[PDB]
Protein chains: 2
Amino acid sequence: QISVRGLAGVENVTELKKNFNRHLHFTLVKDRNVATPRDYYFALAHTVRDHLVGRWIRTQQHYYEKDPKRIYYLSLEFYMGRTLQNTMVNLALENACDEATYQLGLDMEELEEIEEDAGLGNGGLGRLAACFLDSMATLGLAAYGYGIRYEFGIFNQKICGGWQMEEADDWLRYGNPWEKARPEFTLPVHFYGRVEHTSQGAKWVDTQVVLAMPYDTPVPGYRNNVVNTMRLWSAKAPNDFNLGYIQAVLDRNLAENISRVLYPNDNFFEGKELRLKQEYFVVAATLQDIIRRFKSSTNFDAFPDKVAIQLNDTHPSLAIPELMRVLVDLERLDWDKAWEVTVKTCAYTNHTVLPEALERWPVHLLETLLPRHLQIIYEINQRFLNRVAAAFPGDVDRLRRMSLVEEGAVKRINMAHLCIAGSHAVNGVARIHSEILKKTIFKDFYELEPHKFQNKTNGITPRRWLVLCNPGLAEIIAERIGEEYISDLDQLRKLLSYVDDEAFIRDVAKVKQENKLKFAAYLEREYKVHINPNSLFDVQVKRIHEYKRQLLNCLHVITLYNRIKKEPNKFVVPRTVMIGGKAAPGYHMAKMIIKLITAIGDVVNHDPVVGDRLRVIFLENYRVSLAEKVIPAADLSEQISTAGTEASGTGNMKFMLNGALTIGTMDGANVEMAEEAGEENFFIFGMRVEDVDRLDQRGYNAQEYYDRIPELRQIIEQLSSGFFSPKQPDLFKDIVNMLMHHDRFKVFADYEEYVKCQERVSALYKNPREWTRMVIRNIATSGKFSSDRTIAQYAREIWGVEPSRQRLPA
Amino acid sequence: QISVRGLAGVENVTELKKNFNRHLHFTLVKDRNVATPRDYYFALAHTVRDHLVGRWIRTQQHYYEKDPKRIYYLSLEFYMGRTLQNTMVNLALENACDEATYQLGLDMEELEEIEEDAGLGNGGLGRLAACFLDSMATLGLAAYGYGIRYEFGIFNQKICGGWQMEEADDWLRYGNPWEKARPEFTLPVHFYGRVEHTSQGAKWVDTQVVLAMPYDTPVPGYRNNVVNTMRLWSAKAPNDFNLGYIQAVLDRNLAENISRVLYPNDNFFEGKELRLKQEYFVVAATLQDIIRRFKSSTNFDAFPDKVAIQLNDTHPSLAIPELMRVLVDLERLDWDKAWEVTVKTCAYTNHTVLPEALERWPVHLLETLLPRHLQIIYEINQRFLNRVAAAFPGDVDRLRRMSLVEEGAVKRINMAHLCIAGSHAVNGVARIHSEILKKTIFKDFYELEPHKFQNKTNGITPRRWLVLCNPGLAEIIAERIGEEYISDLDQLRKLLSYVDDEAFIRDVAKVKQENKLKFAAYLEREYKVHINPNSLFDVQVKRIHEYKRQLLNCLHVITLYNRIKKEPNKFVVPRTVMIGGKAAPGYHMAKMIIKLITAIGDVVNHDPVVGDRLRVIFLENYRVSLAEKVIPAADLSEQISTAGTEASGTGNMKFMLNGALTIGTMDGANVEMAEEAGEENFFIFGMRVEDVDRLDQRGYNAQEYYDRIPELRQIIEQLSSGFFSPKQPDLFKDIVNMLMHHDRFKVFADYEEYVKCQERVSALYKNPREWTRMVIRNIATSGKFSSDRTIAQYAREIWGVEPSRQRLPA
Ligand SMILES: CCCC#Cc1cn([C@@H]2O[C@H](CO)[C@@H](O)[C@H](O)[C@H]2O)c(=O)[nH]c1=O
Ligand SMILES: CCCC#Cc1cn([C@@H]2O[C@H](CO)[C@@H](O)[C@H](O)[C@H]2O)c(=O)[nH]c1=O
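Residues numbered from 1 in each chain as written, not as in the entry; some residues may be left out. Chains lettered and ligands numbered in written order. Heavy atoms only, no water.

### Brief notes about the overall build of chain A
Helices and strands together make up the secondary structure of chain A, namely 33 helices and 23 strands. In summary, chain A has a C-alpha radius of gyration of 27 Å against a globular reference of 28 Å for 810 residues, a match within 12%. Principal-axis analysis of the C-alpha atoms gives chain A an extent of 90 × 75 × 60 Å. When each of the 810 residues of chain A is scored for burial, the buried share is 66%. (Helix = DSSP H or I, 4+ residues; strand = E, 2+ residues; numbered from the N terminus. Rg over C-alpha atoms; globule rule 2.2 N^0.38 Å. Buried < 20%, exposed > 50% of the residue type's maximum accessible area, 1.4 Å probe, protein only.)

Here you go:
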């Protein structure tokens, strides 16, 4: 069908069809009279997985023989999504399977829709993990993702009467054809117990044992025959466990609960024991696996030349005292030497500066659960604070600020402080974010060790986020410049000499129109909701958080509605405003925000005066596979975090890649996107970081905006008075209250400039042709935002390994 | 190698080898450098399972087209053991795989040893289920086993300092290649709630929902290409379940605990809620599956002509009120008609008369858990007691004795009474057992409905219990008479004209000698224990229970030991006495018995005066696959239950089939075995049933035996005084106590006659040739004890279907 989806050679198609029928008969134990479309999905999925395995085995073999430095990416989240289409794209099988399945009388696309998302993440942090893995394999690095195999991932979101309801995400119900259980590599992990001191050193004893059983998932590189491994641990009880006989067997579940469920908090710390067990679990089991692999090559000086461990935020920060524990207590190296190895091995990536998101573990927790690690942490803190003392003599306030140990109410360990002390490199995830670390929360650490601090601006994989979700756009780009851009995204610059080409202008507009027709139809079929496809598609999708200011967007929507009612017969550029995202379960304000959005939709969508000029849709169950549909269909990308709060953002990059214009604050990667496209090709508004700081020190008084801006006062009164909630007049008193008296994110301060920048957007949209040329200018400069670039920088500047675009033999 | 294991045709062997390598590469994702013998087992197992599936699909299809009456065997236990070798035997693949694996440089036998037993049963009742399934498939009946898929089966037994220790049997750890999950046929099952009465009839509401997910296991017939289905249900939570978010997800395990673990009590009732949930669960989910299958053929008069449900004891007795519930509350048939259908559909098999084993459920339990079923039960009891009243007017004591409802302390439902009332046929499991039912516990029910009562003497499958475990013996039998006996065991009679053939005598003795050498070597390799293979192998293996009188055997062993010490230089026929079996966890006396046995072994096995004349070995972890090794190696089979307590026994049959002589009481099937072999070819001793009854009514006084039998007094004093437990002189005071004052099983009363019958055994053993001719006479008359005969009788006399030895096409 389309040229970027590979060859459909007669030999391949005939071969695919017979393996499909074999799996249906032998693996699935069905015949064609009883098979449902789900069985068809599995047969296709098993048939596609056969193509990986040979490559997977050879790649693991090549690494054994060639013995390169290995990268270990430790993360509590891997937000993978579906694997089938991605696997086909990376093996060039897409058109062959399309053809093969067509001939069997099946629709491949209808089959793809049956696959469950692997939702083993919350949002951006877990999704960066997934892009990173795809990029490591594409660049031929000998790289292993390590995490937890959660039985339940991020919950499924349902809306009932405008409120979010949470349902268990039972993603394994039908089986997962992508994983291979490896019970032969089960490893013990210890908890509780106590520390004995001997002649021979410390010993950790009387521990409970949880077993960690690994599951391997293949991660294929783009068309290079590399297939790396994502290893996820599952918790299993030992067999003498407790060993009522009955009750002892039933209690085996208290051990296995460690890997049962992903914690649904995003940018918010919760200090729960079960979460700490999860953190230790992945770290303890992964380090033994790493040491084991290293011993099959006694002399640990070469350890840092054979091993890099990346920490995906502070979730796996216990890797640091754990590496020490093993090195000092079990291998019996002296402190100083183990410490050199540790620092040289480990590196730390920070993903936020929000105070409520940082990990600070109560000492009484570590004390019970991990008494040895606490001793090690105390020792680390003591020797660290002696370097600080020595370099800044007499500065006693520095010592209390830098301490890994926080005093006060209950003593806590600051886990970020631990990571900085124990890593040779620390990085933020966009340039402005990295500067903020150096200027604010990590300032003291920077003056002590400037050479640790770096930036590695985030990116996204152009395989999932362009080829896979947007084949139409990929195809027209490939007609003009070839296919090489898919693994070298900088090549999109060449699209700049097509900015005045009339055929290209029309092709970009045509693709966008198709994606919108397809998305509108998906809204009607799967959610009985009616949208006008000629409207501007104004979309904000990401987790629900006050810092992301979904509330700012709400105020704009209500403003547009009020203007329509004031002058009904005046022309306005019509929009569909879509907003989506999950709220963490205990986060009451986020849940109120979701309810406000649908309340606004109840009023606006049923006003006959509005017609099809304005539509407000809340997109249910936002997740990876829903992003692959809505992103290509969007015209305006909303990236409107208060400046200084969005560390980087990655959705922003998804939208730029796929031909939507961006309205955004100078926050996070937005600053670098605008700089790449040129600020003229970007809808920038609102306070900079500097302005936010000026307003803080003076005092943020919301009443001031409410007094000076009549459009805003009318919205607040409408909110206060029951206009959007006629049966519960006082439903939104929490929101108005926070807006008026405790807004940490200054929603009013950006309101005026946001509404005005929004009119500039509608104006550009009235001129289809200039809208599209600006789109071409975005797409054409999105190259920097490939995770291949991000990973090459990690490889050269942190891991000390060289990337490779070379094919391995087939 | 041996002719009964099929052809090894060049085409088959070449084909087997390539599928083996395919599975190793594609299913297991290993290559030959990294594979361990466990991977080899799996590759063989997957390669063998491919041969079933085509047959499995065609058999399920044939039943759809031909629409015969279906048999449903409902049981809480399926004691399957290993599947690989059995599968090869039934498909005639054994020598081909042997050859195929030989050429790949593997030992098939070493591979077979890696398979976990499916220990989803306790002992004889669960094992009869397994023989029955094999026989139903061999006889071409359209028959389905239904049960629970336990995550943990009967516990693994370890001995630590002579005491039993219990370990979780984690049989699924590595996966089960034999089962196919079928999550598409998940069914809801209800609990708790309450009953509402409407205009329209009763409604059961406000229930908790547990989902039942089915797993299908193939059951292949012998060489006839029939492959039937064993369907086992797993408990799953619904997704809105509880829906802390965290805690709600973790609590999903309270629902799934239903299928977590098999209750380890054998011949002992425990009234625990979790057990009742298990019973309802299998019954509720199986009946919907049955009704569903029946509707794909509204008029329920034909239901009994399309469906038979066998109840494997009273465990699934709730099938009766449940069938009523569905028929009356959901299909809205009137009471009388639903009741006719129910009785005509259901039949009940009783497996014991022991009072402590019978199920009597406290009403307060059914009331909370199954309020509707209780109402239905009350109604059943009322209409039943009106037939009784009408047929025996004024007999008020009969009414209290026959009531499904027992009065007293706490009210209970007698589940046996329910089964008799609601079934068209009730059967015991051996002739004497069936007469006892008619004369004692079910006498009143018999006078009301004589036509319900039948006998169906148990049997065992000659495929597992001869061909599979004893190929040597099968081969020499086949040389003389052909192969047809394997599915027509009555043909072994022909062996009678070989009783005076010198070559046959030597071949039978030679096989026995081989099995003993092989078993002795298995004892040294796997348990570092040293045995003399020229000794008589005296074996008692079965669950540990006072009724089975392992204690009687102990007294004999101690007697032999004391005779040796009295006259050390007198010749005695040397023996290895092996005793094995599991004790239920809370059954203190059974655990004392195990400890006594090993205590006897500590003394006897280290006395230099004894030499290798007497050895006492306790066989650890007795289970199905350990039975397939020890049974063919045995000379004397010990079947020594007090007369009237062993309903049938089936081990007894295993041993007769495999060339051991039997020492036994006239109990259970022993009566019919002796009658088939001739009492001269059998070592019968002790009280008959009549004698036991005479002693009861007079009073059993143990002191009397202790006063008259000096050999016995010496054993008791030795026990009392610390001879067998030097460090805890009083260790066995519980045993001596029970023996002296509360023996419900009259161990002393049979002691004298047992010791004397034992000397007669040693005497016959001194003359190898006459020992062997007696063996030939046993083997040759074991035909009656084929479960094919048992099942043909169930088919003709209860189910109303005709068996079929016809091959289905390949
Ligand atoms: C203990 C660690 C806590 C921190 C954090 C988190 C950061 N990010 C996102 O991480 C994404 C990947 O770097 C960024 O693009 C985005 O700006 C940022 O909010 C998340 O999506 N969730 C988080 O919990
Ligand atoms: C509620 C039902 C209770 C009863 C019973 C049981 C019977 N049998 C055995 O069932 C075997 C199969 O019929 C017999 O050979 C044997 O004599 C008998 O003890 C068991 O092995 N376990 C039992 O629990």
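Back to the write-up after that little detour.
### A word on helix α29 (residues 710-721) of chain B
All names here are of chain B. Across its 12 residues, α29 extends 16 Å between first and last C-alpha, which sits within 8% of the 16 Å expected from 1.5 Å per residue. Close packing links the buried residues of α29 with α22 (550-566), α23 (588-604), α28 (703-708), α30 (733-741) and α31 (751-765). Phi for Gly722, located one or two positions after α29, is positive at around 95 degrees. (Expected span 1.5 Å × (residues − 1). Contact = heavy atoms within 4.5 Å.)

### Re the site of ligand 1
All names here are of chain A. Every one of the 19 residues lining ligand 1 counts as a neighbour, but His351, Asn458, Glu646, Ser648 and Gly649 are closest to it. A total of 550 Å² of accessible area belongs to ligand 1 in isolation, and the protein chains cover 95% of it. Mapped onto the domain boundaries, the shell around ligand 1 takes at least three residues apiece from domain 1 (1-459 + 787-810) and domain 2 (460-786). (Near = heavy atom within 4 Å. Areas by Shrake-Rupley, 256 points an atom, 1.4 Å probe, with all protein chains shown as cover. Domains from an automatic or database assignment.)

### Notes on the side chain of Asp31 of chain A
Note on placement: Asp31 of chain A falls in the loop between α1 (10-27) and α2 (37-66). One buried charge, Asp31 of chain A, has no salt-bridge partner; the nearest side chain with opposite charge is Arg32 of chain A, at 8.2 Å. Sequence-distant contacts of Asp31 of chain A, defined by excluding residues within four places in its chain, comprise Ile57 and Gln61 of chain B. (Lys, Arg positive; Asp, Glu negative; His and termini not counted. Salt bridge = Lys/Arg side-chain N within 4 Å of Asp/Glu carboxyl O.)

### A few points about the environment of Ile320 of chain B
If you trace the backbone, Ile320 of chain B turns up in helix α11 (residues 319-330). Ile320 of chain B has contacts with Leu311, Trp339, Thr342, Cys346, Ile380, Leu418, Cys419, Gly422 and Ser423 of chain B, leaving out every residue within four places of it along the chain.

### Observations concerning the interface of chain A and chain B
Taken together, the 50 residues of chain A in the interface contact 50 residues of chain B. Taking both partners together, chain A and chain B bury about 4,500 Å²; carbon and sulfur atoms supply 62% of that area. Of all residues in chain A, the largest losses of buried area upon contact with chain B belong to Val29, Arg173 and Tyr245 of chain A, amounting jointly to 16% of the total for that side. Our count for the chain A to chain B interface comes out at 6 salt bridges. The partner of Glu184 of chain A in a salt bridge is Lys30 of chain B, with the nearest N and O atoms 2.8 Å apart. Here chain A is connected to chain B by 14 residue pairs in polar contact. (Buried area = accessible area lost by both parts, 1.4 Å probe. Polar contact = N/O pair within 3.5 Å; in protein donor to acceptor, adjacent residues only side chain to side chain.)

### Some words on the packing of α31 of chain B against helix α32 (residues 768-780) of chain B
Each pair of packed helices can be summarised by the angle the axes make with each other and by the distance between the axes. Residues and elements named next belong to chain B. Contact pair α31 / α32: the axes reach a minimum separation of 6 Å and the direction vectors enclose 110 degrees. As far as their axial angle goes, α32 and α31 are roughly perpendicular. Residues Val761, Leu764 and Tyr765 of α31 lie in contact with α32, whose contacting residues are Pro768, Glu770, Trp771 and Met774. Its residues placed into classes, the contact of α31 with α32 shows 6 nonpolar, no polar and 1 charged. (Axes fitted to C-alpha atoms, helices over the stretch in contact; angles between N-to-C directions. Parallel < 35°, antiparallel > 145°, perpendicular 65-115°, else oblique. Nonpolar A, V, L, I, M, F, W, Y, C, P; charged D, E, K, R; others polar.)

### Some remarks on the site of ligand 2
Residues and elements named next belong to chain B. The environment of ligand 2 is formed by 19 residues, the closest being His351, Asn458, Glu646, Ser648 and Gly649. Taking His351, its side chain carries an N or O atom lying 2.7 Å from an oxygen atom of ligand 2. Within the side chain of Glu646, one N or O atom sits 2.8 Å away from an oxygen atom of ligand 2. About the coverage of ligand 2: the protein hides 96% of its 550 Å² of free accessible area. Residue assignment places the shell around ligand 2 across two domains, with domain 1 (1-459 + 787-810) and domain 2 (460-786) each supplying three or more.

### Looking at the sheet that holds strand β15 (residues 412-414) of chain B
Residue and element names in this part refer to chain B. A sheet is described by the order of its strands in space; here 3 strands give the open sequence β13-β15-β14, paired in antiparallel fashion. Whereas interior strands pair on both sides, the edge strands pair on one side only; in this sheet they are β13 (360-362) and β14 (405-406). Note that β14 and β15 share 2 bridges and pair antiparallel. By the bridge assignment, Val405 is partnered in β15 with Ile413. (Pairing = 2+ DSSP bridges.)

### Some thoughts on the relation of the copies chain A and chain B
If you rotate chain A by 180 degrees and push it 0.0 Å along the axis, it lands on chain B with an RMSD of 0.0 Å. A rotation of that kind, with that shift, is consistent with a two-fold axis. The rotation axis passes nearest to the C-alpha of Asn253 of chain A in chain A, at a distance of 3.9 Å. Of all interface residues in chain A, 100% are interface residues in chain B too; the two copies therefore contact each other through one and the same surface. (Least-squares fit on C-alpha atoms.)

### Quick look at the domain arrangement of chain A
Residue and element names in this part refer to chain A. Per the domain assignment, the segments making up chain A are domain 1 (1-459 + 787-810) and domain 2 (460-786). Just the C-alpha atoms count here: the centres of domain 1 and domain 2 sit 32 Å apart. Interface of domain 1 and domain 2: buried area, both sides summed, is about 4,900 Å²; carbon and sulfur atoms make up 52% of it. Three residues, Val4, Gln157 and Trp163, lead the burial of domain 1 against domain 2; their summed loss comes to 13% of the area buried on that side. Linking domain 1 with domain 2 are 7 salt bridges. Its salt-bridge partner being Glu113, residue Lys629 comes within 3.1 Å of it at the nearest N-O pair. At the boundary of domain 1 with domain 2, the tally comes to 34 residue pairs in polar contact. Here the side of domain 1 that touches domain 2 is composed, by residue class, of 20 nonpolar, 24 polar and 16 charged.

### Things to note about unusual backbone geometry
Residue and element names in this part refer to chain A. Its identity is not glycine, yet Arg223 carries a phi of approximately 55 degrees, on the positive side. Residue placement: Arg223 occurs in the loop between β9 (201-220) and β10 (227-236). One non-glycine residue, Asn225, adopts positive backbone phi at about 55 degrees. Counting through the fold element by element, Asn225 comes out in the loop between β9 and β10. With relative accessibility at 17%, the residue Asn225 sits in the buried group.

### A closer look at the pattern of salt bridges
Residue and element names in this part refer to chain A. Counted according to the given criterion, the structure contains 152 salt bridges over all chains. Close ionic contact of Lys516 with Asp635 constitutes a salt bridge, the shortest N to O distance being 2.8 Å. Of this pair, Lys516 sits in helix α21 (residues 502-527) while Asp635 sits in the loop between α24 (624-630) and β21 (636-639); the two residues are 119 residues apart in sequence, bridging distant segments of the chain. Overall, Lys516 belongs to the buried group, its relative accessible area being 1%. Judged by its relative accessible area of 3%, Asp635 is buried.

### Focus: the pairing of strand β8 (residues 187-198) of chain A
Residues and elements named next belong to chain A. Two strands pair when backbone bridges link them, and β8 and β9 are joined in this way by 11 bridges, in the antiparallel orientation. Note on β9: the bridge partner recorded for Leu187 is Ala212. Linking β8 back to β9 in an antiparallel pair, the connection comprises 2 residues.

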